[PDB]
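The next block holds one structure in the form of structure tokens; read it before the comments.
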Amino acid sequence: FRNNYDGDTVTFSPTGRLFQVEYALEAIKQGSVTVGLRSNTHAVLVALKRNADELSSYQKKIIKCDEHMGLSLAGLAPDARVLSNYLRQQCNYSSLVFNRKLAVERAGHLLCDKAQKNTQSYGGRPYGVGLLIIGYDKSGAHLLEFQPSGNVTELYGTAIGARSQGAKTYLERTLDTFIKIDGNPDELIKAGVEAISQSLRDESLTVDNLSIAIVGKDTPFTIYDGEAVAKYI
Amino acid sequence: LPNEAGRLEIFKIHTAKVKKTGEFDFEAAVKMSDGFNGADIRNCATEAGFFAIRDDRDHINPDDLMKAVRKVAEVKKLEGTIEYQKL
Amino acid sequence: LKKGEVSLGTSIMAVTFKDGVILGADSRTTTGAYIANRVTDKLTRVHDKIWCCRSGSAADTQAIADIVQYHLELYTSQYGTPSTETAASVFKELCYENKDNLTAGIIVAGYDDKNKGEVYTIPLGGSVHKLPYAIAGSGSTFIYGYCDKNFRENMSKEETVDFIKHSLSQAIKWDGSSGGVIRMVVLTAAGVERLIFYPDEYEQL
Amino acid sequence: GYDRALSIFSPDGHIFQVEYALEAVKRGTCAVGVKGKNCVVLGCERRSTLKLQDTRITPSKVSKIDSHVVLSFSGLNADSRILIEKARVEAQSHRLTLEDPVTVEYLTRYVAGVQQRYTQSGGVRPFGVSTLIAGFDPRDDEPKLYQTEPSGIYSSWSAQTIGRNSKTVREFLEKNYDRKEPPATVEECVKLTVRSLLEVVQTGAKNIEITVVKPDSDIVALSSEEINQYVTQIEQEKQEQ
Amino acid sequence: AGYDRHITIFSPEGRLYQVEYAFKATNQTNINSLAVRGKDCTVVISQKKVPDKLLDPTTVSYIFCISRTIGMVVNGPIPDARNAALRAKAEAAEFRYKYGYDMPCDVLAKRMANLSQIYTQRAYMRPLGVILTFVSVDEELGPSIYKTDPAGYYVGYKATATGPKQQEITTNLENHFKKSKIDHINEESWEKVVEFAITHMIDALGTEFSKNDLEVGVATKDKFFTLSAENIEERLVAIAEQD
Amino acid sequence: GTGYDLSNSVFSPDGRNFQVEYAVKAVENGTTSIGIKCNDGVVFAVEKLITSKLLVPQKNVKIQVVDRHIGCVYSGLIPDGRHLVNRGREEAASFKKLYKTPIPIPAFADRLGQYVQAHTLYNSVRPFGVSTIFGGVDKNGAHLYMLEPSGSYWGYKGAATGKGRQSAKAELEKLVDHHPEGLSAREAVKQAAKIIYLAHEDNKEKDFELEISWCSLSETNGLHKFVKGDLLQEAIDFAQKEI
Amino acid sequence: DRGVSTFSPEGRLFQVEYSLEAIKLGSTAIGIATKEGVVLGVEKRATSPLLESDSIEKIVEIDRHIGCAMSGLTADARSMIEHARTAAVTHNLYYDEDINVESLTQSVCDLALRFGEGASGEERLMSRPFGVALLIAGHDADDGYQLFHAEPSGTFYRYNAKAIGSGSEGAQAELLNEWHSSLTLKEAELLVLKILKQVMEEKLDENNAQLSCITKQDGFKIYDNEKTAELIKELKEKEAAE
Amino acid sequence: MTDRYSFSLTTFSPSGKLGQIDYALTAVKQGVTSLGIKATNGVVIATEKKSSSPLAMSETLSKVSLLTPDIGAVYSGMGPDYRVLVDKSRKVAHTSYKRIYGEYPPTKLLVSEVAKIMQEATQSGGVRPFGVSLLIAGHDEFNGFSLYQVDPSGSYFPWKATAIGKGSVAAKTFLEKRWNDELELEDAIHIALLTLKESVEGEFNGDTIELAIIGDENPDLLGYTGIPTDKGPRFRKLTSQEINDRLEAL
Amino acid sequence: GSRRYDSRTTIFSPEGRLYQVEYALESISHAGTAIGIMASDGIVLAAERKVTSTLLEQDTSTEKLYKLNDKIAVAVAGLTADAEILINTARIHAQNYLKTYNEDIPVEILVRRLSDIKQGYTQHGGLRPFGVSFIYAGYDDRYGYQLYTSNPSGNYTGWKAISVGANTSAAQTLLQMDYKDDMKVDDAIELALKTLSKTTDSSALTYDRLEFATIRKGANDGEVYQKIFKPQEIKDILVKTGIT
């Protein structure tokens, strides 16, 4: 492995792949684990926070954009702050110029244009942090999954992080459950708790480890930290 | 390499002993041939026989021919344009 | 409009009809005390099938008309035969940003096998619109009454020439800034035909 | 221009463009200096291989940045001219901006701070020269001697040397010189520098240049005959003792 | 130091490695074409090869029109062919607005050659893998053909050609000029010049083409046009009748 | 030497490029897409492979429409496919600003053509490893083009590339012999769904999705929109009847 | 021999991984954040007896109520403090208040990974990321005393007791059982010196170690050499008990 | 972005020289050999036209260009970068002199400007040195007739007569004994023909040899009359028929 | 990528030196030999051209010598191509001091401004340093007659007798023992003629392969006279000194 063919960002592999995209993709799988889901009138985002010491705090994995939308990061933390600045800039751009809130569908296309410029030009690098875009508009709740290459696909729910792909088993069997649940935000939050619990091995969910942010029609985006999520454990 | 006029008689050589339908046109495979040779048409006649086995056809239809003619043009990776010794 | 700049003015007009469109202009160039060039021509060819006149400041139109030839050369070779709507749009963008520095009148007309002839006039503001007949310049200020009353839709070749010949004659005798020989161009399916008159002809009508 | 980076972290955690640049100082002329209570003395040697070099027309090895403070470096002479010119312009720029005479503390952190830029600036290489800034602050008689390393780290020293045979002189200045009781006279500060140059210059005269720094913007450069006067008095007390 | 062959630099043999491979890129498509100078005009012919039936014959062409007075034919891959095509059209427009009247043939071949010389000297740009061949009729020197090499060296030719068989095709056009001792075809009509170059191309390649197998450009004085399928097929009718 | 396949501008000893050839292999690793050209207009169709049940049905639109008259479908890397339309979107906006009326189909192909050519001329950027199929109804007739990673393109009566390129595009040859005179726009929608299932033999291992969009002057009259309502479900039963 | 943006097979940048290893190559900085104040300390590590105590200053002052310490290579630290004081003092002009300690850490850590060669979209000129580790401390009117850590990787955590440099392993684990939420300001001063004495080559004195303090009233204050010597004499009585 | 190569392709070799300019001189001997001879009444330079194709036209190929009306130039080999240097030389000669001093620069000052462009290619990055070697020959009001040799490394040297190319070894030695102090313009032409004829292994005629001579000021080459100050340009290009007249003259 | 083709022109070697600068110093030994001499009443400069023959033009040429000022001369030993870049910028910087301060520029200021150019490429720019060396000699009323030299590295020191080019250490050996402080202008010429004759690769020594430009002071004090010896005056001093 290491650098043979695609070590230069402008080089293509003989197998038709890109190792630089694969290198940054593996950064998400080795990062912090997070899950998510959504319903017709609501969307639930659950993230797990870790650290290197018990005395140390837990860096927030959920970044707020506006009142109607939010996101989460799995990967290198400072790389998501740069992408979050471009997303929040488009939220205020459409608010000042177009007097409208940034739609989730249009936010994925604008976010894809930022990552494709660094991959197609030497001197830059793709962001190795994932972004799960949640929000609500007149159409409904939408969830997106960001990759280091910039692929954007709308999903009911997914998970990115350490042992996150194995936690999708609970989301597949319950896929027909939470999509039909409307007006019950408490049950939708508890659905994401059982999904992330499948990836727990060493430590379980605690007060400071559990971070849940829900968004909906009548309820704006709100980050619940500390003892706010203690009742949903 | 046999040109379009040279290959025109070659398609009938490899397909001479091969049974087919009554309606046949070899001028279609002439334009489909890109930088081929006299032997590669035998490959086109060989692949056309196996395409009719799955459909239970003893005679090779003209549609199965054009699929086998391009099959050589799909594979490629034979180079063949690197010989400059023509004089 | 500064002081000491050459301005064409006079009268330029075009009238569409069934078999094509025929334009016209005079040869006189006058700024305020003096007739500078009476043998000149205000007709400019941006394309074989598309003609453009020049009114107002002389150099303001001559510079813009040459830039359009630079754009249509890249438009014709890279794409194909130009149309009347596309050629008139190039004059608009050049006069829109340069409106402060470059202010002049422009009338664009061409021939087509589908829509036949079309006349697009650009006033000093820079806008472009579609009209069956359009006049511009200082000489045309007095012909508004004659051109609107006797205008007819889908005329013949003989009626189109007599309509413009009698219209430009009123712009000459009544306005000293316009005059000279009448230069006209004919656009039909056969090709481009040139037509010129003399002061000893139309003045006797 | 040239946008490609040069300094790169080694897998051990160090930087190649730094450590390899420090070898240029160890291969240059040794610059030793000491400071007393009322005076500061900066010694410097020259190249003993080259001859027929007129002292008057040759630029002095000790560059004067300001009336009250000078600079005596050791290292690459190509990278030293960049630091000397930019330090003197800032000396006048500080008098223009703040209307204050420069201080030895501000001059050292500036030169060391500028070196931190080239190490962090892509397209340029760090300086391969180490400068020694010594002088007196305005309205202050306290001696100030600061070392400026090519890596950007600066520190104050009572007696410190750089260049070739540095570890030999450093071990001599620790036992012979005491930081708790520095000499209060100028003559004792000059003889101390000469004793450190006997193990490097190795019986030479015209290759030794000693610069005396005194407060109140007073600088007296010892001539060729004045330097050899202190050498004779030390040699008589060396072999006989 | 194996990177010396990957860019354009002075070689230990005194040559350029990347320039040698630029001429080899024109033989990838294997398209043979030639151009001859008539009396009052110039007619260029090219072999039209369509690999798949899904291609529109009207869209596929190896002959591009730079301006009304100048035609162009290019050999080799189309992406490098159309790259210099739009660059040549821009130079023809800048010469009309800024400099003067319409551009002649020699100026267009010289400016495009000097443009490739800058790309060849500078190491961050690769040279074009095609060959620019311009045909037109000047108002002073008359008919002229200038073939621009990818190395940036332009030189005038009497009757030129292109492709891997060019050396076999050149012998046909060369032996005709040695016996008659003429530098151009004496036929005044441009119709006989079209059938002239087609006759020597069929006998050289030993292949009878069709209406869709050839594209014949015709450059007259101050006019240029491309023959359609009916015009090319009409020329092949009189060839079989005479010979 | 060694390393001719490393950077872009380095030519191969035979006059080709390795990075261009490596970008072709990335086209066959993505979802396949087909196309059908008719007299009134063109028909676009793409088969989107569904990974797991987490995908939301018919909420994902892969075809990015340029203005109202140009649809664009691509087979290859998704990030590289969106950058071509975003670049062509600015070219269409810059054209309509100065040039008034919208850009036709054969004119829009030159903007994407030269833009990909510039990426092959620099070592600091990489070529697009995605093949974009675009078309629509222009001012005269209709045209269809398929942009290859090498920048080579021509007029196509049909265009298909992807995992089923050897299958789906091979069935386009039977469509020409089926309707040599012409094909209606409504019938081409049902024929496009059948071609997806004919090449589905390699896609049977996963879940698929059918997205069809067409534009012509018979019904939409210069409007490129996806197929919805009972028209989409009608083409599914007709295509699955022969499967 | 590669670009600074090249990713390692582990999914990280080579400039980021090798920058963390440069922390142990320098001195050791230890600090403890309590409810009554934050006690910070560093180690000068004098290689020669002629080095002045005022020479190497590893504890600077960003604000009266906000202070930080450095460890490892101090070349990259001086540049960050110039930008740290820029993002702080200028922020006072904008909002007419004191900048948050956590908010100031974000502005400083964002300047690490912005390096590159020919960065598209804007002008960013940096050769290498900062290879220095900074412990950011301060006090506000809401969250209280907090002690952060600025890593070269662009991430920061809030540590109650943190030991960086050469003591990031052995000296870090010793603060787990010696820390308590009720630890006062006076007892925290003797606890830091107790760790610094065992991890130092020679005996602990005021010349080889410099400690500071951050309170609500007095704010950032540096202990005097006479004040430090009084705490060292009291430490010897605590070492010998039973 | 644009180009990411800012470094110079020319580096110092461990042998103490530059590898690019060393192989640049070798490439000059890989192509057609030019020459020139300076006399008291003028400077005579000559070259050979090597046609890559037998159907090529030698009239459209001009190996002797004109920088200033009083100064000619000739190169060796195919001259790939020769067109770039001449286009950049004609601009800097008129801008720095004709557009400032109002008159054309002399021979010594023009060769310094031509070498000024070539010396930047060996230092400024992103470009490679010029693999061509020119010859600057002209006449002024002070130095008189002078011929300078332009090396591909960027250095220029004055020479009475020299020949550089594939036959530069034998042709340069033969011109040592054939040159003296007193020579005419037509007498120096026979010197160029005897040396060049031995170096031509192909067809020998007037179409394959371009002979450029610098004589007095010719009023016929001027184009206007009535001004006694300007009598016309000194540089003159001989036609195909005039060159063949002196070929049989040997 | 551009990192592979980059040869890393300026980098610190494990020995602590620069690769391109170390190799550029060898290029001086492959060029002509320039030897300056500073006398009491003037300064005598000597130089020898490389690759000379009968076809060379001896009428007006100077390869190794130029004039940057009326009171200041220069000796060029090294690559001629890289020399004209620093020589053209020398007269520009010399006149800028004369355009502003309205006085003649000394040698010390002229050299340090030109040395910073050579020091610039050795630091930034990613380019190669100038492989040509210069010897600057001029007159000034401050320090008197000044004789300096430069190096590709951009350093300058004071020299009474300097020798650069081929056989650097071979020429400096004879110049050290034969140098005197009372040596006049006429005696300084004989020192350069005997040195260049024994250090060359040929048998005899002619006047076509040598170049001499001195600085003479007339009867009026305060202003010197720059005089470049013509080939007619070079062959005359060879007979009077016995060199022939």
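Just remember, in the structure tokens the first chain shown is A, the second B, etc., residues are 1-based per chain, and ligands are 1-based in the order shown.
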Q: Would you kindly report the residues of chain I within 6 Å of chain H, using only C-alpha atoms, as a list in words?
A: residues 2, 20, 23, 26, 27, 55, 56, 57, 80, 81, 126 and 127 of chain I
For the selection you just gave me, I'd like the residues written to a file as an mmCIF file, in the first residue's frame, keeping C-alpha atoms.
data_model
loop_
_atom_site.group_PDB
_atom_site.id
_atom_site.type_symbol
_atom_site.label_atom_id
_atom_site.label_comp_id
_atom_site.auth_asym_id
_atom_site.auth_seq_id
_atom_site.Cartn_x
_atom_site.Cartn_y
_atom_site.Cartn_z
ATOM 1 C CA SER I 2 5.497 19.091 -9.890
ATOM 2 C CA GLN I 20 23.693 24.132 -6.475
ATOM 3 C CA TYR I 23 28.581 23.066 -8.014
ATOM 4 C CA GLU I 26 33.367 24.773 -9.972
ATOM 5 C CA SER I 27 32.041 26.575 -13.063
ATOM 6 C CA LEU I 55 38.831 34.124 -36.651
ATOM 7 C CA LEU I 56 38.077 36.062 -33.450
ATOM 8 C CA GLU I 57 37.461 39.803 -33.837
ATOM 9 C CA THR I 80 28.680 35.290 -19.932
ATOM 10 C CA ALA I 81 24.932 34.618 -20.180
ATOM 11 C CA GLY I 126 13.292 28.026 -6.564
ATOM 12 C CA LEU I 127 15.766 28.944 -9.312
#
Can you list, as an mmCIF file with C-alpha atoms, in the first residue's frame, every protein, DNA or RNA residue that comes within 10 Å of residue 185 (chain A) when you count only C-alpha atoms, leaving out same-chain residues fewer than 4 positions away?
data_model
loop_
_atom_site.group_PDB
_atom_site.id
_atom_site.type_symbol
_atom_site.label_atom_id
_atom_site.label_comp_id
_atom_site.auth_asym_id
_atom_site.auth_seq_id
_atom_site.Cartn_x
_atom_site.Cartn_y
_atom_site.Cartn_z
ATOM 1 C CA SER A 39 -39.832 10.610 9.466
ATOM 2 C CA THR A 41 -42.867 15.410 9.905
ATOM 3 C CA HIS A 42 -39.694 14.907 11.972
ATOM 4 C CA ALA A 43 -36.025 13.947 11.768
ATOM 5 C CA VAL A 44 -33.825 12.551 14.548
ATOM 6 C CA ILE A 181 -44.741 7.431 12.970
ATOM 7 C CA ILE A 189 -35.687 9.698 19.401
ATOM 8 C CA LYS A 190 -35.741 6.366 21.250
ATOM 9 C CA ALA A 191 -35.560 4.571 17.889
ATOM 10 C CA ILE A 214 -34.110 16.563 16.644
ATOM 11 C CA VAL A 215 -35.639 18.766 13.939
ATOM 12 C CA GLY A 216 -39.176 18.965 12.625
ATOM 13 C CA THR A 219 -40.096 22.004 16.446
#
Applying 12 Å and only C-alpha atoms, which residues near residue 164 (chain D) remain after dropping the ones on its own chain fewer than 5 positions away? List them as an mmCIF file with C-alpha atoms, in the first residue's frame.
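Saved file out35.cif follows:
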data_model
loop_
_atom_site.group_PDB
_atom_site.id
_atom_site.type_symbol
_atom_site.label_atom_id
_atom_site.label_comp_id
_atom_site.auth_asym_id
_atom_site.auth_seq_id
_atom_site.Cartn_x
_atom_site.Cartn_y
_atom_site.Cartn_z
ATOM 1 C CA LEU D 22 22.594 24.234 11.985
ATOM 2 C CA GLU D 23 25.676 22.522 10.526
ATOM 3 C CA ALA D 24 26.462 25.682 8.541
ATOM 4 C CA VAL D 25 26.995 27.566 11.809
ATOM 5 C CA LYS D 26 29.304 24.893 13.240
ATOM 6 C CA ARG D 27 31.440 25.106 10.077
ATOM 7 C CA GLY D 28 31.749 28.904 10.280
ATOM 8 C CA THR D 29 33.934 31.273 12.256
ATOM 9 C CA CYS D 30 33.464 31.046 16.014
ATOM 10 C CA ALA D 31 31.823 34.097 17.611
ATOM 11 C CA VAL D 32 32.256 34.392 21.385
ATOM 12 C CA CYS D 44 34.884 37.468 16.545
ATOM 13 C CA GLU D 45 37.492 35.691 14.434
ATOM 14 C CA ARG D 46 38.128 35.553 10.687
ATOM 15 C CA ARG D 47 39.302 33.024 8.106
ATOM 16 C CA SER D 74 28.280 33.319 12.906
ATOM 17 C CA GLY D 75 27.088 31.249 9.969
ATOM 18 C CA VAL D 169 34.828 27.341 24.702
ATOM 19 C CA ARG D 170 31.539 26.752 26.544
ATOM 20 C CA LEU D 197 40.102 32.817 21.480
ATOM 21 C CA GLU D 199 41.977 27.645 21.698
ATOM 22 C CA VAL D 200 40.404 28.534 18.324
ATOM 23 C CA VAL D 201 42.371 31.296 16.562
#
Using only C-alpha atoms, what does the table of chain D residues within 12 Å of chain A look like, with each row giving the shortest atom pair and its distance in Å to one decimal, sorted by chain and ascending number, as JSON lines?
{"residue": "D:3", "atom": "CA", "partner": "A:123", "partner_atom": "CA", "distance": 10.1}
{"residue": "D:4", "atom": "CA", "partner": "A:123", "partner_atom": "CA", "distance": 9.6}
{"residue": "D:5", "atom": "CA", "partner": "A:123", "partner_atom": "CA", "distance": 11.0}
Q. Could you name the residues that touch residue 214 (chain D) at 12 Å or less, counting only C-alpha atoms, but leaving out those on the same chain fewer than 2 positions away, as a VMD selection string?
A. chain D and resid 35 to 42 67 to 70 134 to 138 140 to 144 185 to 186 189 211 to 212 216 to 221
Q: Apply DSSP to the structure's backbone, then extract all residues of region 6-229 of chain A labelled strand (DSSP E or B) and return them as a PyMOL selection string.
A: chain A and resi 34-38+42-48+62-66+69-74+121+130-136+141-146+152-155+160+210-216+222-224
Write out as a tab-separated table (two decimals) with N, CA and C atoms, in the first residue's frame which residues come within 12 Å of region 108-112 of chain E when counting only C-alpha atoms, dropping same-chain ones fewer than 4 positions away.
chain	number	residue	atom	x	y	z
E	66	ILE	N	-12.55	27.13	-40.79
E	66	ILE	CA	-12.09	28.20	-39.91
E	66	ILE	C	-12.82	29.50	-40.23
E	67	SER	N	-12.83	29.89	-41.50
E	67	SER	CA	-13.52	31.09	-41.94
E	67	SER	C	-14.07	30.83	-43.34
E	69	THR	N	-13.12	32.15	-46.09
E	69	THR	CA	-12.05	32.13	-47.08
E	69	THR	C	-11.00	31.05	-46.81
E	70	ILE	N	-11.11	30.30	-45.72
E	70	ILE	CA	-10.08	29.35	-45.32
E	70	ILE	C	-10.73	28.05	-44.85
E	71	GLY	N	-10.28	26.93	-45.41
E	71	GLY	CA	-10.64	25.62	-44.90
E	71	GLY	C	-9.50	25.00	-44.10
E	72	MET	N	-9.82	23.89	-43.43
E	72	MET	CA	-8.83	23.20	-42.62
E	72	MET	C	-9.14	21.71	-42.61
E	83	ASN	N	-9.29	21.09	-30.49
E	83	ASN	CA	-8.70	22.03	-29.55
E	83	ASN	C	-8.03	23.19	-30.28
E	84	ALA	N	-7.25	22.88	-31.32
E	84	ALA	CA	-6.63	23.92	-32.13
E	84	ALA	C	-7.59	24.52	-33.14
E	85	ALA	N	-8.74	23.88	-33.38
E	85	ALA	CA	-9.71	24.41	-34.32
E	85	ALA	C	-10.35	25.69	-33.78
E	86	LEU	N	-10.79	25.66	-32.52
E	86	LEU	CA	-11.38	26.86	-31.93
E	86	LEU	C	-10.32	27.91	-31.63
E	87	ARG	N	-9.07	27.50	-31.44
E	87	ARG	CA	-7.99	28.47	-31.27
E	87	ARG	C	-7.66	29.17	-32.59
E	88	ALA	N	-7.79	28.46	-33.71
E	88	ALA	CA	-7.55	29.08	-35.01
E	88	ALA	C	-8.67	30.03	-35.40
E	89	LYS	N	-9.91	29.71	-35.02
E	89	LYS	CA	-11.03	30.60	-35.31
E	89	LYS	C	-10.94	31.89	-34.51
E	90	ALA	N	-10.36	31.84	-33.31
E	90	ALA	CA	-10.20	33.05	-32.51
E	90	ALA	C	-9.14	33.96	-33.11
E	91	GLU	N	-8.07	33.38	-33.66
E	91	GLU	CA	-7.03	34.19	-34.28
E	91	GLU	C	-7.50	34.82	-35.58
E	92	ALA	N	-8.42	34.16	-36.28
E	92	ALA	CA	-8.96	34.73	-37.51
E	92	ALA	C	-9.91	35.90	-37.22
E	93	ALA	N	-10.60	35.86	-36.08
E	93	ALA	CA	-11.49	36.95	-35.71
E	93	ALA	C	-10.71	38.15	-35.18
E	94	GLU	N	-9.68	37.91	-34.37
E	94	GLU	CA	-8.87	39.00	-33.85
E	94	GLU	C	-8.13	39.73	-34.97
E	95	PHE	N	-7.85	39.04	-36.07
E	95	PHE	CA	-7.15	39.67	-37.19
E	95	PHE	C	-8.09	40.54	-38.02
E	102	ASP	N	-9.67	40.23	-44.03
E	102	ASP	CA	-9.70	38.81	-43.71
E	102	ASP	C	-8.31	38.20	-43.75
E	103	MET	N	-8.09	37.20	-42.90
E	103	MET	CA	-6.78	36.59	-42.78
E	103	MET	C	-6.51	35.67	-43.98
E	104	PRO	N	-5.29	35.70	-44.52
E	104	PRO	CA	-4.93	34.74	-45.58
E	104	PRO	C	-4.53	33.38	-45.01
E	116	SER	N	2.02	26.75	-30.97
E	116	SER	CA	2.46	25.43	-30.54
E	116	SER	C	3.93	25.43	-30.12
E	117	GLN	N	4.73	26.34	-30.66
E	117	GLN	CA	6.13	26.43	-30.26
E	117	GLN	C	6.26	26.87	-28.81
E	118	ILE	N	5.38	27.76	-28.36
E	118	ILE	CA	5.39	28.17	-26.96
E	118	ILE	C	4.99	27.01	-26.06
E	119	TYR	N	4.00	26.22	-26.50
E	119	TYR	CA	3.59	25.06	-25.72
E	119	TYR	C	4.66	23.97	-25.71
E	128	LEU	N	0.50	19.33	-29.07
E	128	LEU	CA	-0.67	18.75	-29.70
E	128	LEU	C	-0.30	17.47	-30.44
E	131	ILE	N	-1.94	17.22	-36.49
E	131	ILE	CA	-1.23	18.00	-37.50
E	131	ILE	C	-2.23	18.94	-38.16
E	132	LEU	N	-1.91	20.23	-38.18
E	132	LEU	CA	-2.78	21.24	-38.76
E	132	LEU	C	-2.42	21.44	-40.23
E	133	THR	N	-3.40	21.28	-41.11
E	133	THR	CA	-3.23	21.49	-42.54
E	133	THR	C	-4.29	22.47	-43.02
E	134	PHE	N	-3.85	23.63	-43.49
E	134	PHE	CA	-4.74	24.70	-43.91
E	134	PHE	C	-4.69	24.85	-45.42
E	135	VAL	N	-5.87	25.00	-46.03
E	135	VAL	CA	-5.99	25.22	-47.47
E	135	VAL	C	-6.88	26.43	-47.70
E	136	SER	N	-6.49	27.27	-48.65
E	136	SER	CA	-7.22	28.48	-48.99
E	136	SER	C	-6.68	29.02	-50.30
E	138	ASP	N	-5.20	32.63	-51.72
E	138	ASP	CA	-4.79	33.99	-51.46
E	138	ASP	C	-5.06	34.88	-52.66
E	144	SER	N	-2.47	28.11	-52.26
E	144	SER	CA	-1.33	27.71	-51.44
E	144	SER	C	-1.82	26.76	-50.36
E	145	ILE	N	-0.94	25.83	-49.97
E	145	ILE	CA	-1.23	24.86	-48.92
E	145	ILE	C	-0.07	24.88	-47.93
E	146	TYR	N	-0.39	25.08	-46.65
E	146	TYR	CA	0.60	25.11	-45.58
E	146	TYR	C	0.21	24.08	-44.53
E	147	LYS	N	1.12	23.14	-44.27
E	147	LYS	CA	0.89	22.06	-43.32
E	147	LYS	C	1.70	22.33	-42.07
E	148	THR	N	1.01	22.56	-40.95
E	148	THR	CA	1.66	22.89	-39.69
E	148	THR	C	1.94	21.61	-38.91
E	149	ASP	N	3.21	21.38	-38.60
E	149	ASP	CA	3.61	20.21	-37.83
E	149	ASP	C	3.37	20.44	-36.34
E	150	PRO	N	3.17	19.37	-35.57
E	150	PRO	CA	2.97	19.55	-34.12
E	150	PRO	C	4.19	20.08	-33.40
E	151	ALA	N	5.38	19.99	-34.01
E	151	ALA	CA	6.58	20.56	-33.42
E	151	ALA	C	6.66	22.07	-33.58
E	152	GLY	N	5.72	22.68	-34.31
E	152	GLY	CA	5.75	24.11	-34.53
E	152	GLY	C	6.56	24.55	-35.72
E	153	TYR	N	6.72	23.69	-36.72
E	153	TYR	CA	7.48	24.01	-37.93
E	153	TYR	C	6.54	23.96	-39.12
E	154	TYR	N	6.31	25.11	-39.75
E	154	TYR	CA	5.43	25.23	-40.90
E	154	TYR	C	6.25	25.41	-42.17
E	155	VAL	N	5.84	24.74	-43.24
E	155	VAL	CA	6.50	24.85	-44.53
E	155	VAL	C	5.47	24.60	-45.62
E	156	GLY	N	5.64	25.29	-46.75
E	156	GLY	CA	4.69	25.16	-47.85
E	156	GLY	C	4.93	23.89	-48.65
H	60	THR	N	8.50	29.48	-49.80
H	60	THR	CA	7.78	29.81	-48.57
H	60	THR	C	8.64	29.63	-47.33
H	61	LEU	N	9.72	28.86	-47.42
H	61	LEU	CA	10.63	28.64	-46.30
H	61	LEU	C	11.77	29.65	-46.39
H	83	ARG	N	11.51	30.88	-34.71
H	83	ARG	CA	10.39	31.78	-34.95
H	83	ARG	C	9.96	32.50	-33.68
H	84	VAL	N	10.12	31.87	-32.52
H	84	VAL	CA	9.78	32.52	-31.26
H	84	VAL	C	10.79	33.61	-30.93
H	87	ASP	N	10.37	36.69	-33.41
H	87	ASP	CA	9.17	37.45	-33.09
H	87	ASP	C	9.36	38.27	-31.82
